[PDB]
Amino acid sequence: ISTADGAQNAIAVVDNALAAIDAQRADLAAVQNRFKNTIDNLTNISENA
Amino acid sequence: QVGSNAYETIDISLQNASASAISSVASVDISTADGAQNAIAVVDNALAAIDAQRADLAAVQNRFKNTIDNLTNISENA
Amino acid sequence: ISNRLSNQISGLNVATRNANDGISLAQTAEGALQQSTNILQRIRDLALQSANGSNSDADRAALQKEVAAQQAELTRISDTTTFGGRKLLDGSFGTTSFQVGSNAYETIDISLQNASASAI
Amino acid sequence: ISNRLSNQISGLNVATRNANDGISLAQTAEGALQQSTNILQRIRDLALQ
Amino acid sequence: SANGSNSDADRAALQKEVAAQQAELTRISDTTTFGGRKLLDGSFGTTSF
Amino acid sequence: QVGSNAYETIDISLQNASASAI
Amino acid sequence: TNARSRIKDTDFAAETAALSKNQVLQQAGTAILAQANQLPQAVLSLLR
Amino acid sequence: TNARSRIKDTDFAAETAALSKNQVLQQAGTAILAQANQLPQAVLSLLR
Amino acid sequence: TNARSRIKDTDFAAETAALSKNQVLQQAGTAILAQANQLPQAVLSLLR
Amino acid sequence: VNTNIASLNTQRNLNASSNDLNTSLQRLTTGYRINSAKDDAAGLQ
Amino acid sequence: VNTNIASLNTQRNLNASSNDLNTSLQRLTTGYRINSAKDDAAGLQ
């Protein structure tokens, strides 16, 4: 950071990359939401079977 | 800086010098009458430059004061 | 019928929340404008000061600088309101439409002022 | 969205504080200049003397 | 790290602070060995549950 | 100026000179 | 000095609110735990 | 000099009233906060 | 200015009463909820 | 009955109450019955 | 609700109040409505 011109650009760095992170976290959102349904569903299948 | 984004800053323009650039206040060496009178002409002009500098500060913390009441209301409602 | 009811209900809970975030958006916008008004209040204060005893305040020059500073504020406040990285009111905001129910095109168009800095 | 909000909020609290220290800076500068003006007032007092 | 724009000389300390946090983004990047084949650092091979 | 609106002012007419014009 | 306070001088008229919030959380999560630790008790007492 | 006072000389016989108003506000908003910070306390103490 | 207050200046000597009423409602409906959420508990605990 | 609680209607009322409460407190802080907010924009204007 | 307190808005107003308060006291000490500070720099000048 130490130079001011790098402080400001630093913010531009972290912002973009943080968006990539929370995209990754949201990828996980879809994945265990997908799981949770999948297992309620699978579980009802193995039930009625 | 007064917000969260880059280059969101208030440039300030402190007078580069006070001692020898207020020609100079230190140049004058009053002792002769003809230098007394011209001395007044020196100090007058330079003093105007000072109180221009002080008034520059007027704009700057007036600018700050608003800016922070405003910023503060933003961070509020956010 | 119930499947349609659950459809309606939980959809409208989400739409409620979208509306609440919208309430907050318009709130933050309101705050920004309140303070624009404090400035403009000061601008009349300074314009009237700038009678100058009609010509006696030579240091209107300082006032001019004061004015310039406040003018720059009406750019900073105009920027800096990035609720979304797509900030409120400066430049070009695109007149968005907050949904408040569960059906399509069931939305509240809002008309934020296109600009604050150079268009007041 | 909230992660972006917390980003904004706490960042702007720090920026508020940076601004407040700036207010103090310009205040101290102002005091120094006030007293420069007392001197210069005296300098006209002495030039006229 | 605006630093009062140049007034915090002890950005140097902040730089050290930054470095420490940067090292954290390596430690958290490592240390997640669910399987000895840890989650997300380096190269994870896009597995299929 | 003595109010808040534009051109709301009191013109004053100080004598242009005192020395050589009295 | 005024600067030194703007640096240090907590606006504790706000931090009081923060304080209550923390005390409040201690209390609440605690009561939640007093409830939570009753769960397994019930589970087994009934399945038996 | 009389001008210099019309510029500087605060008509503090008015600013006293302004002063009281500010002191008054400090007091009032404070007491409001002493009330306000009791709200969340009540909320959780009851829902638990 | 007097007009400006007749517009803005809350007759808070009335709004205090309104204030109490709101605080009061927070309290009351809360206690009602502390009672209300006990209903289903009882229903099943007994039918079982 | 257990599937839900009609008494959540109570909750709704309280939400309204708390909204009013907060606004009142704002008005009591500043002494301005018209908040700087838009509310009653006529008198504000 | 507990996650935060909207009534911190009250706090903000008081900060402004205290600022005004201090400045008034300064003006009451010296008798100078224009502080030696920059404020109202025109009349100061």
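Residues numbered from 1 in each chain as written, not as in the entry; some residues may be left out. Chains lettered and ligands numbered in written order. Part of a larger assembly, values for the part shown. Heavy atoms only, no water.

### Some thoughts on the overall build of chain B
Okay, so step 1: Helix and strand counts for chain B come out as one helix and zero strands.
Okay, so step 2: Relative to the globule expectation of 12 Å for 78 residues, the C-alpha radius of gyration of chain B, 20 Å, shows a markedly less compact shape.
Okay, so step 3: Over its C-alpha atoms, taken along the principal directions, chain B stretches across nearly 65 × 20 × 10 Å.
Okay, so step 4: The burial tally for chain B puts 46% of its 78 residues in the buried class.
Okay, so step 5: Accessible surface, chain B: about 3,700 Å² in total, of which carbon and sulfur atoms supply 49%. (Helix = DSSP H or I, 4+ residues; strand = E, 2+ residues; numbered from the N terminus. Rg over C-alpha atoms; globule rule 2.2 N^0.38 Å. Buried < 20%, exposed > 50% of the residue type's maximum accessible area, 1.4 Å probe, protein only. Areas by Shrake-Rupley, 256 points an atom, 1.4 Å probe, with all protein chains shown as cover.)

### Notes on the packing of helix α1 (residues 33–77) of chain B against helix α1 (residues 2–48) of chain D
Okay, so step 1: Interaxial distance between α1(B) and α1(D) falls to 9 Å at its minimum, and their mutual angle equals 160°. Judged by the angle between their axes, α1(B) and α1(D) are roughly antiparallel. The two elements α1(B) and α1(D) cross, and the hand of that crossing is left-handed.
Okay, so step 2: A per-class count over the contact of α1(B) with α1(D) returns 22 nonpolar, twelve polar and five charged. (Axes fitted to C-alpha atoms, helices over the stretch in contact; angles between N-to-C directions. Parallel < 35°, antiparallel > 145°, perpendicular 65-115°, else oblique. Left-handed = near helix turned anticlockwise from the far one by under 90°. Nonpolar A, V, L, I, M, F, W, Y, C, P; charged D, E, K, R; others polar.)

### Describing the packing of helix α3 (residues 39–47) of chain H against helix α2 (residues 12–36) of chain I
Okay, so step 1: Packing of α3(H) against α2(I) leaves a shortest axis separation of 9 Å and a crossing angle of 20°. The orientation of α3(H) relative to α2(I) falls into the category roughly parallel. Two packed elements cross with a definite hand, and for α3(H) against α2(I) that hand is right-handed. Mapping the contact onto sequence places H:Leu39, H:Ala42, H:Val43, H:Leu46 and H:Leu47 in α3(H) and I:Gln26, I:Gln27, I:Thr30 and I:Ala34 in α2(I).
Okay, so step 2: In terms of residue class, the contact of α3(H) with α2(I) is built from six nonpolar, three polar and no charged. (Contact = heavy atoms within 4.5 Å.)

### Observations concerning the arrangement of the chains
Okay, so step 1: With 21 pairs of chains in contact, the largest contact count belongs to chains B and D.
Okay, so step 2: Between chain A and chain C there is no contact, and the shortest C-alpha to C-alpha distance separating them is 10 Å.
Okay, so step 3: One thing to see here is that chain D and chain I don't touch, and their nearest C-alpha atoms sit 28 Å from each other.

### With respect to the interface of chain B and chain D
Okay, so step 1: Contacts between chain B and chain D engage 24 residues on the former and 27 residues on the latter.
Okay, so step 2: In total, about 2,300 Å² of surface goes out of reach between chain B and chain D, with carbon and sulfur atoms giving 73% of it.
Okay, so step 3: Summed over the three residues of chain B that lose the most area to chain D, namely B:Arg54, B:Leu57 and B:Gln61, the buried surface amounts to 22% of that side.
Okay, so step 4: Along the contact surface separating chain B from chain D lie two salt bridges.
Okay, so step 5: A salt bridge links D:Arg44 to B:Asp44; the shortest N-O distance between them is 2.6 Å. (Buried area = accessible area lost by both parts, 1.4 Å probe. Salt bridge = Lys/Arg side-chain N within 4 Å of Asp/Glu carboxyl O.)

### Here we look at the packing of aromatic side chains
Okay, so step 1: Under the counting rule described, the total for this entry stands at one aromatic pair over all chains.
Okay, so step 2: Ring centres of A:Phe35 and E:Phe49 lie 5.9 Å apart, and the angle between their planes is 35°; on these two criteria the pair is classed as tilted. On the criterion of chain membership, the pair formed by A:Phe35 in helix α1 (residues 4–48) and E:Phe49 in the segment after α1 (11–27) is interchain, its members lying in two chains.
Okay, so step 3: Sitting above the plane of the C:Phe83 ring, D:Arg4 keeps its charged end 5.0 Å from the centroid.
Okay, so step 4: The cationic tip of I:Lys8 hangs over the ring face of J:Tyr32; the distance from NZ or CZ to the ring centre is 5.4 Å. (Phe/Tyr/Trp six-rings, centres within 6.5 Å; stacked < 30°, edge-to-face > 60°. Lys NZ or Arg CZ within 6 Å of the ring centre and 35° of its normal.)

### Details of unusual backbone geometry
Residue and element names in this part refer to chain E.
Okay, so step 1: Of note, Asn3 is a non-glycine position whose phi angle comes to about 80°, a positive value.
Okay, so step 2: Structurally, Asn3 is set in the segment before α1.
Okay, so step 3: Among the residues examined, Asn3 registers a relative accessible area of 6% and is labelled buried.
Okay, so step 4: Positive phi, close to 60°, is recorded for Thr46, a residue that is not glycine.
Okay, so step 5: Within the secondary structure, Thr46 is located in the segment after α1.

### Looking at the side chain of B:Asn73
Okay, so step 1: Here B:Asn73 lies in helix α1.
Okay, so step 2: B:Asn73 has contacts with C:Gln34, C:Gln35 and K:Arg12, leaving out every residue within four places of it along the chain.

### So, helix α2 (residues 60–76) of chain C
Okay, so step 1: Between the first and last C-alpha of α2(C) there are 24 Å, a value that for 17 residues agrees with the 24 Å anticipated at 1.5 Å per step.
Okay, so step 2: Here α2(C) has its buried residues at C:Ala62, C:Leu63, C:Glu66, C:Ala69, C:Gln70, C:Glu73, C:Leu74 and C:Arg76. One side of α2(C) carries all its buried residues, which in axial view fall inside an arc of 160°.
Okay, so step 3: In this fold, the buried residues of α2(C) make contact with α1 of chain B, α1 (2–49) of chain C together with α2 (41–44) of chain K. (Expected span 1.5 Å × (residues − 1). Arc of directions from axis to C-beta.)

### So, the pattern of salt bridges
Okay, so step 1: Going through the model one piece at a time under the given rule, you end up with eleven salt bridges over all chains.
Okay, so step 2: Its salt-bridge partner being B:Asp51, residue B:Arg54 comes within 3.8 Å of it at the nearest N-O pair. One end of the pair is B:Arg54 and the other is B:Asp51, both in helix α1 and three residues apart, which spans about a single turn.
Okay, so step 3: Residue K:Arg12 pairs with B:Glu76 through a salt bridge whose shortest N-O separation is 2.9 Å.

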